[PDB]
Ligand SMILES: Nc1nc2c(ncn2[C@@H]2O[C@H](COP(=O)(O)OP(=O)(O)O)[C@@H](O)[C@H]2O)c(=O)[nH]1
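Numbering (this note's numbering), first residue to last: 6 to 166.
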């Protein structure tokens, strides 16, 4: 059976855990590791997912997951300008550890249900275009875009392989 090791990166509080919980456990209420078998485009695969902001106690496990991670969600929140500004740092860190320029990634703008917005959709679209990766707007609360974000990433991993 095909396994995909996924890593969800981004600033603290952007909703990495919430997105992963919604995907895996199908709920939201207002664990950093998750493991579930799903079916994506008719292919069964086990998703092994780590949520990380880079500042956790288990750095050794982080570096491992970064090296073995096959695909990365780069998550910011639409109401957190700093988290959007942090994205370039995260992508640069991934490129460094993978020692590669072609790493599957998706840019995720979370908390799309909230009326406070400080990051324009255009800004995020423009950034994703520059990186050559998809941008997906999500809400862990409403489930908007959640499957699409993770499944698009899995599709990016297949394209890479
Ligand atoms: N309204 C709303 N709140 C969210 C969303 N995603 C996460 N949250 C809330 O944002 C806070 C931080 O989420 P969390 O998953 O712990 O962020 P993490 O540090 O990136 O893992 C929590 O209070 C969540 O309930 C979302 O899409 N919409």
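Just so you know, even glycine gets a beta-carbon here, dropped at the ideal spot from N, CA and C.
With respect to the C-alpha of residue 125, the residue from 83, 113 and 109 having the closest C-alpha is 83. If you compare the alpha carbons of 164, 156 and 165 with that of residue 50, the shortest gap goes to 156.
Looking at the backbone, the Cα of residue 131 and that of residue 63 are separated by about 34 angstroms.
Your pair residue 99 and residue 77 checks out as a contact, with CB atoms roughly 6 angstroms apart and the cut at 8 angstroms.
Going by DSSP, residue 6 is part of no beta strand (DSSP E) at all; its letter is neither H nor E. In this structure, residue 119 has its beta carbon less than 6 angstroms from a heavy atom of ligand 1. DSSP links residue 42 through a beta bridge to 51. Distance from the C-beta of residue 31 to the nearest heavy atom of ligand 1 is not below 6 angstroms. Counting only runs of 4 or more residues that sit fully inside the segment 59-119, the alpha helix (DSSP H) segments are 64-73, 86-90 and 92-103, in chain order. Comparing alpha-carbon positions, the option among 107, 56, 101 and 102 lying closest to residue 81 turns out to be 56. Annotated three-state conformation of residue 140 is strand, per DSSP.
Per the C-alpha coordinates, the member of 73, 122, 107 and 70 positioned closest to residue 87 is 122.
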